[PDB]
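Protein chains in written order, with the entry's author numbering: chain LL0, 1 to 110; chain LJJ, 2 to 90; chain LC0, 56 to 274; chain LII, 1 to 97; chain LY0, 1 to 131.
Note that CB positions come from ideal geometry on N, CA and C, so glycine has one too.
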Amino acid sequence: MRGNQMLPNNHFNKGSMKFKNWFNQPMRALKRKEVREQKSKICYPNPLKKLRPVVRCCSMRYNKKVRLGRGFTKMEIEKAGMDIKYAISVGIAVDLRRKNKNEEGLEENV
Amino acid sequence: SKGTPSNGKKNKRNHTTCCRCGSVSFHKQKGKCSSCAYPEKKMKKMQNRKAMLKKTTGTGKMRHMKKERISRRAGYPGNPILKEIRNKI
Amino acid sequence: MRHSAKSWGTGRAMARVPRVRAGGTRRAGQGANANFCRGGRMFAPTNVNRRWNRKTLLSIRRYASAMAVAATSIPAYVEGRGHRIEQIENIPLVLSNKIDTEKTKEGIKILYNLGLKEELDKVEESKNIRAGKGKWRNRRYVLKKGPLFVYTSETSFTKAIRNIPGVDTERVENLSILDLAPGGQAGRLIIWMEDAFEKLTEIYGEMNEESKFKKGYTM
Amino acid sequence: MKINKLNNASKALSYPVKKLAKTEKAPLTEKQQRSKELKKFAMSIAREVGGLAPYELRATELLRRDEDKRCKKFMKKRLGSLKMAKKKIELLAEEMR
Amino acid sequence: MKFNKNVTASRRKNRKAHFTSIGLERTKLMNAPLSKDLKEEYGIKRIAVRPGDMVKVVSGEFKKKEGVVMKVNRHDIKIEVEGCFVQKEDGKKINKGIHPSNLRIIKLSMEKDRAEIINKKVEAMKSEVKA
RNA sequence: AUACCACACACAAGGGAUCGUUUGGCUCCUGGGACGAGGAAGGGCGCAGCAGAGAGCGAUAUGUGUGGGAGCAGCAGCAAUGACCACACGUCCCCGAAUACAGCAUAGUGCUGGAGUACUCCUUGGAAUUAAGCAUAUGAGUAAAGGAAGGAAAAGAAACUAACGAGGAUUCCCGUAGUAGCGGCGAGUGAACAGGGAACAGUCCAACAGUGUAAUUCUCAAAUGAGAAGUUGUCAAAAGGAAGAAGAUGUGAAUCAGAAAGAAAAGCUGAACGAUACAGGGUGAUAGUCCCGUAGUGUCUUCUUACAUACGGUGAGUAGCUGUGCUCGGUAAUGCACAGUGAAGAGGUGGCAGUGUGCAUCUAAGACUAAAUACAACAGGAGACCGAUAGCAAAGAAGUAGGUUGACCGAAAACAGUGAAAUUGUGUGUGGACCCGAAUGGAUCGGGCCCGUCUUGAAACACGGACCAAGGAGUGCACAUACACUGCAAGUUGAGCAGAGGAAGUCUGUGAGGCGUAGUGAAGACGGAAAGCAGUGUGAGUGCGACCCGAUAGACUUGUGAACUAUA
RNA sequence: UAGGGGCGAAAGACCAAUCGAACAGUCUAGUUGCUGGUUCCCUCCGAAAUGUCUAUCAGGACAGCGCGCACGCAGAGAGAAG
Ligand SMILES: [Zn+2]
Numbered sequence: 001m002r003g004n005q006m007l008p009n010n011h012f013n014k015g016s017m018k019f020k021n022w023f024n025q026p027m028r029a030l031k032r033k034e035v036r037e038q039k040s041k042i043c044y045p046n047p048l049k050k051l052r053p054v055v056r057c058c059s060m061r062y063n064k065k066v067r068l069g070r071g072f073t074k075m076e077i078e079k080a081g082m083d084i085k086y087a088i089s090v091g092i093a094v095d096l097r098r099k100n101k102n103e104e105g106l107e108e109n110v
Numbered sequence: 002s003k004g005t006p007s008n009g010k011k012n013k014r015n016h017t018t019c020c021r022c023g024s025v026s027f028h029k030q031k032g033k034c035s036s037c038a039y040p041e042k043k044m045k046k047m048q049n050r051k052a053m054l055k056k057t058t059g060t061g062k063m064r065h066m067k068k069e070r071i072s073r074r075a076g077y078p079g080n081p082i083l084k085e086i087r088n089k090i
Numbered sequence: 056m057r058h059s060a061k062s063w064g065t066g067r068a069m070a071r072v073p074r075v076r077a078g079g080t081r082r083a084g085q086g087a088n089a090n091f092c093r094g095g096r097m098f099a100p101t102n103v104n105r106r107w108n109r110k111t112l113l114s115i116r117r118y119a120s121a122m123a124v125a126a127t128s129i130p131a132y133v134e135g136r137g138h139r140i141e142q143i144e145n146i147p148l149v150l151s152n153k154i155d156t157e158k159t160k161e162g163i164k165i166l167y168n169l170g171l172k173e174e175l176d177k178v179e180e181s182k183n184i185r186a187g188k189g190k191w192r193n194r195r196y197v198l199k200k201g202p203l204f205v206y207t208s209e210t211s212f213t214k215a216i217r218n219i220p221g222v223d224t225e226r227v228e229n230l231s232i233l234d235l236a237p238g239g240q241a242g243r244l245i246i247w248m249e250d251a252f253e254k255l256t257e258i259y260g261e262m263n264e265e266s267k268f269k270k271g272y273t274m
Numbered sequence: 001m002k003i004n005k006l007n008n009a010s011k012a013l014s015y016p017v018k019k020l021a022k023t024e025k026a027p028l029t030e031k032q033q034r035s036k037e038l039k040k041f042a043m044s045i046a047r048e049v050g051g052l053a054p055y056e057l058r059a060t061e062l063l064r065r066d067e068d069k070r071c072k073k074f075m076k077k078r079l080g081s082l083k084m085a086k087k088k089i090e091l092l093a094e095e096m097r
Numbered sequence: 001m002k003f004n005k006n007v008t009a010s011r012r013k014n015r016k017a018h019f020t021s022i023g024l025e026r027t028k029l030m031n032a033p034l035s036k037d038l039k040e041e042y043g044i045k046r047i048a049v050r051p052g053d054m055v056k057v058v059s060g061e062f063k064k065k066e067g068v069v070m071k072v073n074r075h076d077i078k079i080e081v082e083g084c085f086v087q088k089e090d091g092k093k094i095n096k097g098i099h100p101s102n103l104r105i106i107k108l109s110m111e112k113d114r115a116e117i118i119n120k121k122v123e124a125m126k127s128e129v130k131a
């Protein structure tokens, strides 16, 4: 070792290390397209994707940004006059783990 | 001396033809085959990958396995005289 | 690297290369694994981890395609590539819509009336078998390049002209530099469709303005 | 480096939301009461049938001599947790009374 | 252009498929064109040459000659035509084989199953032609 | 130098380079993932009119049925009373888990065993090597050895993160990040939440079953009876369908003639014709129209998939503690065990030991689960790959000929083309080791020690080299870097992934992250100069076989040996 | 009776032409500061075998002496006179 450099630290010592190449990338993309298309026929008039709530992101760094979440809460669904079994039949997603702690967050999802 | 003159005494034969594998490697006194471990139930551990591929499925005839694949392709139709038994089942 | 090999070491009046362990065959004692040996391993074996593709900035790709399009309307460049245009009245060519052609028979008659006869003939007469080992690896015949037809809207004319040797087709919205500058020399001859020619204003915009179709790009 | 620029005072600020009160679940139905009664009852019968274990006897003996701090140390070493020890002492005391 | 991706365009694969052909695929190799008149007498445009049929040689050494088919060699793809031969140093004469595609049919041998073979092909056409 | 030795040229020998060619290899992608007591995989032996090897087949060793249809390659004989092929079925010798057996369940019938194991899960567990020595550490929970399953396997619906104005099963991709930390604080090692996406689905058992009658499962009979299991607790409901996908197979346009020349025209020359078909292959030289296909169009056959009852808040030698051993980035214990000890019904957690107290978030010690992800044998399609000393060891009867006591080890050989050099004979010329400079009709004159290599120094009594051909050694990736070139610029970018498109190319979106736009301190805390980002390449450092070849040695195996020799 | 094991009227003898630790195969292309080799032409510039520290003395690193690209520019391996 000679001259001035940032001191090395390259982790190639382990002889059992595996390599992963990506030559399949264009082909696997084409398969995902063809699966969605055929799935879309099986339920023709209905959208392929369900409706999802809007939630607020996590840390101090992302407070001011809104995002999609997993599912509506039993309270949101009831406030809008629906019942859980009906909501499912009409393509609304449900999440019984989530809790409501604000007035604002509830009003928007309604 | 240990060279040429000792070669003259070498007239006994410790291995014979094995009935499981053919390989002239059954040691008569030990009661064991050095190629395939007969009479143990399982076959012996082969020393390396190169040597074991020389005795794998597909190195011989595969008589039964080939017929099974053709019958599966055809939908397992069976003997045509006995169709009624098949259909009931 | 398949074989069982080991060096004999010094003292035997032989070079200290690894040698093949065997008996009963002429293969006994021959020289095994090294790159200087018959049937040995090559130096630095070729390997799948090599970097096959290459990156180019999006801003350069956009600019290169714009100035390739420009060169298709300078006679000096078009002649320079080797397209022959002695009989053609004016450049660029713009075919109308309301072309109701469906058969190759009538399709060729149209192209002849635009003056392209000598160019098309130049392509048909060109077919030859390639020199070298490429003729064994599915690259047997070579032809000269001819006109490219550019359309934007779906029409029957596309499948009327396509069997004529040296005619090539692409949509304006996804026009590639491999088609616009073959071999890296610019000025390919282009037949425009009337819709496609008007679309160039939406695609590349106007001088010292920003294109609506190509976000973040200006000429 | 885009780290460690604010002071701890300004990191502690917060946006003024409007809260929702928690829904209390205090009502306990008739059937739930009988369920709990039967479980507590069953726990009596076991103690009546089989009695106390060796360390429970030794513990209760120390409580009669007012050896409070000895009993505390003893129970800590048997059960591991100082919380479990404090609870078991209180249950044993109530049994003797 | 070819748009079906199940069919091969490899030189190595096309060549192996030719020389290792058997059964009905081998018979397809022995086809020849019919003359203009016979293409009005029958619906067919081409047929597999058989012994006893009458052929004009249209390419090679024996161009312009006419004669009867003597033999059909399937393994080495060649036909022997009456009166097309070479003479050895001995004076002995050997028939020289001609490749099927260099022939043209002038009269058909109608022995055996030929009339049924022709009928089967004509029907197969009309079945789809009339639809 | 008559005849020896050397060199040059022509002819004949001797060898198989070079150029032209290829029914083989290799790599990437897509499908497939189909064995066995109904005897497998693997071994042996038989079967032809003349038949050794190999291929195919079992004493029925070319039989039956269906769809087709012309010959059986040599010689003799066969064949529309069906040559030959394709699909299915029937027959299927001996050894081998090899079994008239072993273990085990039911009212009974039965099931397991062996083969395969690239990929997945569970155990057990090295050393070479790096630290310029070496003992902790590294290589590495890797190799080796054992057990087990499927077309995938494992995992999976919080005794979960987080402290935000919060989110919400598992798996996979981009990223946080070569960071927080671990470490003879040396060499070196090294995760998680967020933020952007692919694919999306939730449910069961116990606790806890009609008491005006076990209402429950099975067997034989019978048209309504006998018997077995079970009160140490049995029993908690729907048919149903058209879609979707993969194969097989039918059809399928349009040309003739000629001088010269050749063994032969498809070339060349003139005149025509087809195209939703100018992909590719075959024909006696380079074919859209001579043959097989291709674009376009028909038929048929398989496979996949879909509605009902009743419930909650306590699952123990467990969680935890003390000692101990291994393990992890986990650090006054991250996970797993063993021995002592051992709870509560209410308990667990909030990356630093303890005690107390509010607050937030969850519910362990019982079970099931699709999709998105990984990769052999076998089949299909592609390629800026190799072209018979190459590419798989193997382009022919290649794991073959042949070899080891044994475990195990293992070649050569393409075209009836072309036909180099070394080396040999004959003929004709010129010289006596040969090179450089300069010449004659002719004797010759002048200068030169044997190359490569280590070395202060080689012609050396320093080492390697008999001769010719062919092969034969600074390469690929990751991470910082300086230079040259290019676009935009207080900004910049082909992240993954979606939309379009006869498509591994190209075009367009959505949209993170990273680095930059100013620094100082261990930190609390404070704040005041300097164009960057992403590429295409070159020189150079570090880690991986690392310019090519080369030790004596170390370890690991459910691998082999007392035919020589030692002793009972 | 089998390999860190055997067997020995003892020589470190013998255990398949191998024994002061067998054979086969794998980890493994183990490591090497040491020896050998490292393949086309012309043009221009051109060294060192010294100092400090090193389990350092057949090796390294830092500095000194080459070359390439060069922002720029009153200097000099010689004398006088104090
Ligand atoms: Zn055996």
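Where residue i falls, given that 16 or more other Cβ within 10 Å makes a residue buried
i	result
residue 71 (chain LII)	buried
residue 6 (chain LL0)	exposed
residue 28 (chain LL0)	exposed
residue 247 (chain LC0)	buried
residue 242 (chain LC0)	buried
residue 138 (chain LC0)	buried
residue 98 (chain LY0)	buried
residue 259 (chain LC0)	buried
The beta strand (DSSP E) enclosing residue i, as first and last residue numbers
i	result
residue 223 (chain LC0)	223–225
residue 67 (chain LY0)	66–73
residue 29 (chain LL0)	Counting along the chain, residue 29 (chain LL0) falls outside any beta strand (DSSP E), though it belongs to the alpha helix (DSSP H) covering 25–42.
Rounded straight-line distance, which links the Cα of residue j to that of residue i
i	j	result
residue 19 (chain LL0)	residue 109 (chain LC0)	20 Å
residue 190 (chain LC0)	residue 198 (chain LC0)	14 Å
residue 40 (chain LII)	residue 83 (chain LII)	22 Å
residue 151 (chain LC0)	residue 272 (chain LC0)	30 Å
residue 66 (chain LC0)	residue 89 (chain LC0)	21 Å
residue 52 (chain LII)	residue 35 (chain LII)	26 Å
residue 261 (chain LC0)	residue 255 (chain LC0)	10 Å
residue 84 (chain LY0)	residue 64 (chain LY0)	11 Å
residue 84 (chain LC0)	residue 18 (chain LJJ)	31 Å
residue 127 (chain LC0)	residue 34 (chain LY0)	52 Å
residue 36 (chain LL0)	residue 30 (chain LL0)	10 Å
Unbroken alpha helix (DSSP H) run spanning residue i, endpoints
i	result
residue 114 (chain LY0)	114–129
residue 53 (chain LJJ)	50–54
residue 8 (chain LL0)	From DSSP, residue 8 (chain LL0) is part of no alpha helix (DSSP H); its letter is neither H nor E.
residue 63 (chain LII)	54–64
Whole-Å CB distance - residue i paired with residue j, under 8 Å assumed
i	j	result
residue 75 (chain LII)	residue 59 (chain LII)	6 Å
residue 8 (chain LY0)	residue 14 (chain LY0)	7 Å
Problem - Touch test, the region 68–75 of chain LY0 against the region 38–55 of chain LY0, Cβ-Cβ under 8 Å, three pairs minimum - result: The region 68–75 of chain LY0 is in contact with the region 38–55 of chain LY0.
Problem - Contact between the region 248–263 of chain LC0 and the region 205–216 of chain LC0 (3+ Cβ pairs under 8 Å) - result: In this structure the region 248–263 of chain LC0 lies against the region 205–216 of chain LC0, because at least three pairs of beta carbons, one per stretch, are closer than 8 Å.
Exercise for the section: Mind the definition here: the region 26–46 of chain LY0 touches the region 85–98 of chain LY0 only if three or more C-beta pairs lie below 8 Å; say whether that holds. Expected result: Three or more beta-carbon pairs separated by less than 8 Å are not found between the region 26–46 of chain LY0 and the region 85–98 of chain LY0, which leaves the two stretches without contact.
Handout entry: the region 85–104 of chain LC0 contacting the region 141–150 of chain LC0, beta-carbon criterion three pairs below 8 Å
Key = Touching, no.
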